[PDB]
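Undergrad: pasting an experimental structure, sequence included:
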4 protein chains.
Amino acid sequence: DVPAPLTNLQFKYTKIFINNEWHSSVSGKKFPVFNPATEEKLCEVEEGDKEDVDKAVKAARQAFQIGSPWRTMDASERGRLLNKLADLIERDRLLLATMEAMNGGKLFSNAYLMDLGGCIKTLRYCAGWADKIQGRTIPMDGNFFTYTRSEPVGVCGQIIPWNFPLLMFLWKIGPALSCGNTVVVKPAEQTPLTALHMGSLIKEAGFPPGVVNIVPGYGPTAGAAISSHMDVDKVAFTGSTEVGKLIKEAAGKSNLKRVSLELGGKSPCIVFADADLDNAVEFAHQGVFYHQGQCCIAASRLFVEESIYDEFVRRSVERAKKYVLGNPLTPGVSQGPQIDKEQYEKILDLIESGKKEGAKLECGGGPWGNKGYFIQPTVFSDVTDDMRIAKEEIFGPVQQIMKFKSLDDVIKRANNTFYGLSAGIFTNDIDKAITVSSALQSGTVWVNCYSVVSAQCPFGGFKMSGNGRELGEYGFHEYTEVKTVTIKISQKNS
Amino acid sequence: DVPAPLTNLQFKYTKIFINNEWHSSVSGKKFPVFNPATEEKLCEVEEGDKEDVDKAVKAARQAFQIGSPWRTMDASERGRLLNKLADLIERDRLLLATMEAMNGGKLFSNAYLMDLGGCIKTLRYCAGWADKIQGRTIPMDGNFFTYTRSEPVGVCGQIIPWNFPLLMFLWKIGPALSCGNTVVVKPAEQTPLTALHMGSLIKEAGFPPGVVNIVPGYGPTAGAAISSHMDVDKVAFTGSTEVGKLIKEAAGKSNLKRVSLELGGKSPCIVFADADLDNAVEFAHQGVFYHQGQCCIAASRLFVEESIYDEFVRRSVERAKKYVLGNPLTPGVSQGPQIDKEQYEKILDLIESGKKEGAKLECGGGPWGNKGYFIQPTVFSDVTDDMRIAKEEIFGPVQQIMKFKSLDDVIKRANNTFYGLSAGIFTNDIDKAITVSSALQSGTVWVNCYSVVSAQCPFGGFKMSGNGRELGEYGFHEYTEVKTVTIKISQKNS
Amino acid sequence: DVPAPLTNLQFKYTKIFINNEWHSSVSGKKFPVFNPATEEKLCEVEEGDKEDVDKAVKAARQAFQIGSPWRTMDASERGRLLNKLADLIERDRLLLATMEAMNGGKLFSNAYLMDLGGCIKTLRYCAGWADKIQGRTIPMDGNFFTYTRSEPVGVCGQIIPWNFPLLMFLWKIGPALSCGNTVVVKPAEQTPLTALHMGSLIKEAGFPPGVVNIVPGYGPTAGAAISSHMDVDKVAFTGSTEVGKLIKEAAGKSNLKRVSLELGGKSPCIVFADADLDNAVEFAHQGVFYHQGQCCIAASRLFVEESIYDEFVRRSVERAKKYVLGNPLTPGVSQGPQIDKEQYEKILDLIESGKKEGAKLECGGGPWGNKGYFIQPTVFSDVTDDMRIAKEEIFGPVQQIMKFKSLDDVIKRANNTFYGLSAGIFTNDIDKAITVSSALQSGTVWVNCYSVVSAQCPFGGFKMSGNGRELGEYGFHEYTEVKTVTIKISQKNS
Amino acid sequence: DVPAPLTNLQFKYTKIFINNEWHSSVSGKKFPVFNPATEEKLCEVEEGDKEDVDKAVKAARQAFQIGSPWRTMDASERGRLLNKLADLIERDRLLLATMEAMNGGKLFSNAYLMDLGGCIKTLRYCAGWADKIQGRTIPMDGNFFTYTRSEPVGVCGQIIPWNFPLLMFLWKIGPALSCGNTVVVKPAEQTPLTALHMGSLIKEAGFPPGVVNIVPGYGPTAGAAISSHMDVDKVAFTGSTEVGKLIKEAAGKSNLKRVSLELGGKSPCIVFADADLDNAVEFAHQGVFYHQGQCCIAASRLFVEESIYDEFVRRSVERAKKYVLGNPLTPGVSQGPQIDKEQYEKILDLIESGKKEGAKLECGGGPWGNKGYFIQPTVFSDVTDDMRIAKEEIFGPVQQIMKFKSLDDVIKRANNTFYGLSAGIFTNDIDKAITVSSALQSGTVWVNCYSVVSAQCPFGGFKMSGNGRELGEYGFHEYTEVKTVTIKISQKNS
Ligand SMILES: NC(=O)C1CC=CN([C@@H]2O[C@H](COP(=O)(O)OP(=O)(O)OC[C@H]3O[C@@H](n4cnc5c(N)ncnc54)[C@H](O)[C@@H]3O)[C@@H](O)[C@H]2O)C1
Ligand SMILES: [Mg+2]
Ligand SMILES: [Mg+2]
Ligand SMILES: [Mg+2]
Ligand SMILES: [Mg+2]
């Protein structure tokens, strides 16, 4: 069941979280946080900047010192702590989901069922890895005993976006902590509030001070202080390709910190004429429209084989007209607002470009309401590869439908992008399913489905969609630093 | 046995290698290659620059296309080809070792036994991995069949230094090819010649054209074209920390290419009073003086416990006086020249700083001879942490000896550097061996030995000594890109 | 803190557990269960035999059918269930520990702290593996896509002993269930009661009917019905070497079921003259005397280097005189009874053989009290290799101390047994620690400690001490059956 | 190209091979070895029995001692030796293929291309694993450093059949030697000769004496001495299910040696109405008729969906009539003899049972020729589940074709056997491919192909088709024994 959301939320956690204590910003500045459905201020939060980040990094470094409680505790106890944290998220699920919906413009039933469910599941999966991260014993040449230690990397700076604020917060801290790292988290300026609530739960669960620090504030201030910091070992970032470039450059200029990036996409969804059409229409539809289009994996180039194209367009348009826009806390609302004015204007501008460049506007194409950042769900057909709406990540409720005839051509077109996050293929042909998935330059390839993301699966981009993977076995190994130890012995035996 | 070296070598491979053919530079320019022991010109080599790199990257890209011979080939056949390459190195061992000694200022016996032995071993280890790089099947939530592919990354730019030219060439191409990548290699301008001879063996072994391309030339021209190229998927670099910063920055500013770096060090070697002194003196001595000090892992901060410090200094000084400097092809010579004038002047300047800053000059401390870049083997004692010779990588035959009293202090001092490549510990105490090795922020930690490097071990730096690991199981996972494929099914079963 | 135990326990779960329901035996027979400290009857339990086992195996088979709730549920949900079961064990910890102490003759504080703690920890570790058991994707020759599935093996018969009844019950069901198997458990006739209580918790936690079935009763009846059953896929057994032989033969004669055995030992503990003696005395002492000697790993051959032998004997004898025998529920009692009359007589007979064969009786050597199976802690010195007490597993509070002079000789003597479960080495010498541990033919080798067993470590025997490993990563892989699936495709790419 | 076979082979290796020397049998007895196509004696070979096995096991044990050349050798050197062995097989390919064809009744082109090709590939794959078999470092609870060693198991007895004599020899020794074991091999009495030639190549390649020992002779004499030996650590066996039962029983009764078995099959091949029929007919046909039906994986229950059954039968019968029987060295012959009289009579008897039990004889059904054990290729249709030819492994050129209507029923029928080695599915449906392959209780499941076996894949049976897997990563883990070493330390850090 989905309970009724709370209303009249009273805010409590508005400060910078360092060493399990709440701090005012060093400057004393605060910044306002808004509800994108109503444009009203929810509260004000302490504005972290470089001086706040430096305090947080000193805390994280101290907590990582050899002999500290976090370095010496059993790996199994790191697991127990993560599970305790998941129990507290379950206890606080209704508050968190309400908060996430209010601050994120996110449909409440989705926040409650999907986001919060994924948050719990992600932590449970992470908890289970803690005492199963292992090194090796290695049959090296000569009279030596050699082993490796899978150590934590150290102090990990973690910068996250506004589209799945709580889920992304846990995607970052879960694996990092499971592996024994300490962290400095920088939530999006738009969406700090669930992250700050999580500070109280981290303390309550019993994590040692300085293992998680949380610095709300802006990007080129707090975020950039993290990327350039000379005592941050690793930075992990989810957001725009443009900012990912700045982060990698900053890492280079400063201390060569390790870098992982998940960056967004222009993911192709390929529907062959032999596909189950009912299934493909719905998955491709949800695949681009989910959370008002504000998903890195959005199926924002829908390639449909010529013989089924007109029918696929007709059904896709029909499907896009079935939404009720409004406050995402209101029962019956099936589409909320975009996050803020910047994203709103970016989308409208891209919609305008589609009209100007000759795409066929099938429905929507304009704003809705007299408050909040609402945009009518929009479908364009007869989209061609050179159009802005075919090239640029829109991050709004805007679907592009394109035709193809040749298998070789559609693979080429699908791969002809600097992005590489995900892709979908719809076919009943075994050979196409395997060979087309092998040929697509995308990190995750769905076959006869879309948007299926689990904690057990590694997730991340090819090309400019990202560096590294998150979650799964592979993700974890990347919050470790490998040390080889080679001991001379009188005589080795096999 | 070590055969007599060749003399009066006739050079043959002096051109840019692309698509298994030999090309003049686009500009027509050539650059001279010298013998550092004699200062005489060995030959001229085509000067590759940006336009040559662009041809090479186009060739590597074409060779990496889906359906190409290199992509479709059995993994086991990639392994066979690598072993065939090692057989050809075996056949050409005397030529390659002679050429390496002449061009690199490297003691011929060492080039023949160690460098070329390591080249062969590295390739044999790589060849064995080719058909053992596997993905996973994953028991993800819901009715899906999910698996991963460990795909090659793609086109890999590989930039290498002058100290172990051939060995570094094969450390790069071996793992990359084992995993199915295609490569563009940029040898150091000082030492292109053994790499160019390898082009002929790569063609002879039967690698498809475009799988290995080799562009000799300079750093800020050919190297920088690779690091900034918009169609190179990954850059791997071994060299100076200064250039590694440029490489990472260039990767960020361009196409977000994956980056691995191995960058040199200021490696501490810690000798406790309970150590076997005979063993420790020799390992520490070789650990800093090997190849005229031109090793990334040089034991360039030797920390010796107070009660044994004077005796260790005395023994280390005695040991450093047993060298015959000269041409490294000449029987009886046990120390060759530094690679070139830049390095020579850098070393002399650091020696001068030691004298100025109050270190105790125990022996050497000046140049030798009237041709070639020779420096007397030099030992400083009473070295303190703030001295230039205690902080900066010297890369010359210059040993620093420092005293300590406290275990906690020597760990702190050992770790108090931006570097983290390697370290050594000498002790008879089991507890110190394990706990001190855990506490040291170094990628490889040797216990009662030093300089022990084998293809089976991962190798690389903590902190600003590097990103990523090379060789071993962990290294090979670095030349792959993980794809997750998730297929909808009617019902899953365990 | 250790709470006071319960007294006046009222028994509830006395029946055969099949399909989450409680059954009377098919014959109607019951068997008595006793307290070994008092010889009083605790209760009667339904006596399972072949006809009961057949019902249980049919239940387990049905629960394992393709499409069943247990085969289709998410692997992550198997994990959640195991953790829920651990939560219930925590809730019921005082009852279970009291029961275990009363039925097992086991010191209550140990039952509460060690056994029950290990039970919880084992389940938490198992839970975390459930959705991390993965297969492979394999770069096979030719145009094929090949993967493997790590399936459960199926119906697993699990026969367990009386010395750690609850812990062994969870060692068996934890990994089996984590991997997706169904099970038929046969607790020791001496000690069914905690296992039956666990049936109620299994039901309460929500495991589907037939996933765990529990058949109390005797060995050659219920146990042998399991080992010979034509529809049991795998049998796992912990107990005597003699019975392990019967189980493996039965598996051969019947349906070739998979077999794993942990079988007991005659584990050597080697103390070199360079060891920390205080540490070695206590670990070797606890290593043989723990739980009245009733541990598979008992350090029942203590080899002490000649120069420290007399002192080690003196201190070991002194240590063995510090026990208070009695009811293991009574505060202050530090040694409980042996499990039953058979074991009691076996021990006394072996003690008698040590006296007859010329070992030096240092202390104990006889029974104590006028009810319950109590034996004075006994130390023999001047033990030689041919003596019964040096060869045969005693499984009582009887320590054998033996001298050695030569390193080569002591390794030979240590290895000169058909057993191979565990061993200990006490030394301050790094080289001995590594090389002696490599040379000993034992499954687990402790260095400067003994009896250290964790869920993260694989555990089992060399030679006649066992087949396979339990727990750790390696243990789990053995509750799986590997299926290779190879699909023809038009063209493979790397 | 296939060269002409040799004729008039002169035999040289006819003795028992122990410690790299050739021994007469202890008894002095010899046994004759025949050509099954001509019934003529090729040569006589020393008849090994229990006393010969005992000499061989003593040699293998000595070679496995700590400090021996085989135990102390670098793992990478074991790999080099294996590759050298494969080089010698390459050199001796024509001799070995000719000898295999003559002794084994095997088509010469197949022996030269397939058997010998597979022999070489297997060894090359094995050689690559040698220095990549690794243990773990484990983050166990408490202040300990814990690691594991993946040790060899020890002395491995290896008993092999007559159908793929050389290939099975190398399937056994390759993985065992790669992992560092020593072996005692017992070739089938029908086919010792290629194995004895391998002894000469093992010595030539440079394997230390006692690492491979080879004892020709009979089963209940030499084989049973191995299975019951008190100093063989592991037995690996390929052959009849009946003998595998004896082997497992003997292991239980003696020393609890580890056991792996591959035992033959009654493998179902399921053709759905939506399959590519041309493809399915040929794969199913080869899948049962290959090597005169003498393959463990024979597709000996062909289930064809009702609507296509008559056409499939017609096409299968047409296909079975295209053979020329005769001497397998003769160009143009496409079917050779069965191995010996026992097999010949067993096949004829099963053919007779098919006729008696009402199966429809479509073609063949009787003997051919006046010398050698030839049977006409035989096809039965309208075969039902209860018939002897539907249940028992025939191991002759006899194809059974059965109809089905329901998916659920054909899975149930396919699984309704004690066997479980392999299966095939032919369909164009993605869902059926994945779900039906998940549901089939078979070790290898082929989709749209059959008989595809590669060194990179694990291979073995479910149920009474086997215990354990051979080859692939999983197989190699089967020739190791895991040791856990746990060292006390002052304080652990992550
Ligand atoms: N590929 C496959 O799986 C198959 C291959 C061959 C037949 N397969 C099946 O088995 C049947 C009989 O063939 P046989 O020839 O009798 O096999 P055996 O199993 O006897 O012979 C196999 C090996 O075991 C040795 N041996 C025999 N008796 C022994 C004993 N008591 N202790 C120890 N060892 C004994 C024997 O010397 C030979 O070395 C065939 O019709 C096939 O159905 C399947
Ligand atoms: Mg921005
Ligand atoms: Mg430079
Ligand atoms: Mg018994
Ligand atoms: Mg037989």
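TA: Sure thing, it's come through. Numbering: from 1, shown residues only, chains lettered A, B, ... in the order given. Ligands and ions are numbered 1, 2, ... in the order given.
Undergrad: tell me both backbone torsions, phi and psi, for the residue nearest to residue A:275 when sequence neighbours are not counted.
TA: Distances taken as C-beta to C-beta, 6 or more residues apart in numbering or on different chains place residue A:426 nearest to residue A:275, at 3.8 Å, with adjacent residues excluded. (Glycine included, C-beta is placed from N, CA and C.) Here is the backbone geometry of residue A:426 (degrees, to the nearest 10): phi -120, psi 120.
Undergrad: if I look at the residue positioned nearest the centre of chain A, how far off is residue A:104?
TA: By C-alpha atoms, centre = their mean, chain A has its centre lying nearest to residue A:168, at 4.9 Å. When distance is defined by C-beta to C-beta, to the nearest Å, residue A:168 is 11 Å away from residue A:104.
Undergrad: what about the closest residue to residue A:216 other than its chain neighbours, neighbour count?
TA: Spatially, and ignoring its direct neighbours in sequence, residue A:216 is nearest to residue A:192 (3.9 Å; C-beta to C-beta, 6+ apart). Neighbours of residue A:192 under the rule other C-beta atoms under 10 Å in any protein chain shown: 29.
Undergrad: again with residue A:10
TA: Neighbours around residue A:10, by other C-beta under 10 Å: 6.
Undergrad: before we move on, what about residue A:80?
TA: The burial count for residue A:80: 18, using other C-beta under 10 Å.
Undergrad: next, the contact list for it, please.
TA: Residue A:80 is in contact with A:127, C:124, counting by C-beta atoms under 8 Å, 6 or more residues apart in numbering or on different chains.
Undergrad: distance between the helix or strand hosting it and the chain's centre?
TA: Following DSSP states H and E, one finds residue A:80 within helix A:75-91. In terms of C-alpha atoms, centre = their mean, to the nearest Å, the centre of helix A:75-91 is found 21 Å from the chain centre.
Undergrad: run the angle between the helix or strand that that helix is followed by and helix A:75-91 for me.
TA: For helix A:75-91, the following helix or strand on the C-terminal side (DSSP H and E) is helix A:93-104. Using axes from the mean of the first three to the mean of the last three C-alpha atoms, to 10 degrees, one finds that helix A:93-104 and helix A:75-91 are set 80 degrees apart in direction.
Undergrad: in helix A:93-104, what counts as buried?
TA: Buried residues in helix A:93-104, defined by neighbour count with 16 or more other C-beta atoms under 10 Å in any protein chain shown: A:93-94, A:96-104.
Undergrad: and which of the residues you listed is nearest residue D:243?
TA: Nearest to residue D:243 among the buried residues of helix A:93-104 is residue A:93, at 60.7 Å by C-beta to C-beta.
Undergrad: ok, and the closest non-adjacent residue to that closest one?
TA: residue A:116 is the one closest to residue A:93 (C-beta to C-beta, 6+ apart), at 5.0 Å.
Undergrad: tell me the secondary structure for that neighbour?
TA: Following DSSP: H, G, I helix; E, B strand; the rest coil, the label given to residue A:116 is helix.
Undergrad: tell me how many other residues surround it.
TA: By the criterion of other C-beta under 10 Å, residue A:116 has 23 neighbours.
Undergrad: same deal with the one 10 residues further on?
TA: Here the neighbour count serves as a burial measure; for residue A:126 (other C-beta under 10 Å) it reads 30.
Undergrad: in what helix or strand does it lie?
TA: helix A:116-129.
Undergrad: isn't residue A:401 up against residue A:315?
TA: No - contact criterion C-beta atoms under 8 Å: residue A:401 and residue A:315 do not qualify, at 10.5 Å.
Undergrad: which one of those two has more residues nearby?
TA: For residue A:401 versus residue A:315, the count of surrounding residues by other C-beta under 10 Å is larger for residue A:401: 25 against 18.
Undergrad: tell me which residue in the stretch 351-494 of chain A sits closest to chain D.
TA: Evaluated by C-beta to the nearest C-beta, the stretch 351-494 of chain A has residue A:494 as its residue closest to chain D, separated by 3.9 Å.
Undergrad: ok, the residue nearest to the centre of chain A - contacts?
TA: Per C-beta under 8 Å, 6+ apart, neighbours of residue A:168: A:160-161, A:238.
Undergrad: nearest to ligand 1, of these?
TA: residue A:238 (53.7 Å; C-beta to the nearest ligand atom).
Undergrad: please name the bridge partners of the spatially closest residue to that closest one that is not a sequence neighbour.
TA: Distance criterion C-beta to C-beta, 6+ apart; nearest residue to residue A:238, sequence neighbours excluded, is residue A:262 at 4.5 Å. Legend: beta-bridge partners of residue A:262 under DSSP bridges are residue A:238, residue A:466.
Undergrad: how far away is residue A:262 from chain D?
TA: According to C-beta to the nearest C-beta, to the nearest Å, residue A:262 and chain D sit 26 Å apart.
Undergrad: chain center to stretch A:48-68, what's the gap?
TA: Here the centre of stretch A:48-68 is set off from its chain's centre by 24 Å, with C-alpha atoms, centre = their mean.
Undergrad: then stretch A:324-343?
TA: In terms of C-alpha atoms, centre = their mean, the centre of stretch A:324-343 is set 20 Å apart from its chain centre.
Undergrad: give me the contacts around it.
TA: Outside of stretch A:324-343, the residues within contact range by C-beta under 8 Å, 6+ apart are A:5, A:7, A:34, A:36-38, A:98, A:101-102, A:104-108, A:111, A:162-163, A:190-191, A:292, A:294, A:322-323, A:344, A:347, A:368-369, A:372-377, A:395-397.
Undergrad: near chain D, list only the ones from the residues you listed.
TA: Among these, no residue lies close to chain D (C-beta under 8 Å from any C-beta of the partner chain).
Undergrad: of the residues you listed, grab the buried ones for ChimeraX.
TA: Buried residues among the contacts of stretch A:324-343 (16+ other C-beta under 10 Å), as a ChimeraX selection:
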select /A:5,34,36,37,98,101,102,104,105,106,107,108,111,162,163,190,191,292,294,323,344,347,368,372,373,374,375,376,377,395,396,397
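Undergrad: hmm, back to that, between the buried residues of helix A:93-104, which sits nearest ligand 1?
TA: Checking the buried residues of helix A:93-104 one by one against ligand 1 (C-beta to the nearest ligand atom), the nearest turns out to be residue A:93, at 56.7 Å.
Undergrad: what sits against the residue of chain A found nearest chain C?
TA: Closest approach between chain A and chain C, counting by C-beta to the nearest C-beta: residue A:128, at 2.8 Å. Going by C-beta under 8 Å, 6+ apart, residue A:128 touches A:79, C:79, C:127-132.
Undergrad: same question for residue A:367.
TA: Contact analysis of residue A:367 by C-beta under 8 Å, 6+ apart lists A:344, A:348, A:374-376.
Undergrad: now with 7 Å, please.
TA: Shown in contact with residue A:367 (C-beta atoms under 7 Å, 6 or more residues apart in numbering or on different chains): A:348, A:374-375.
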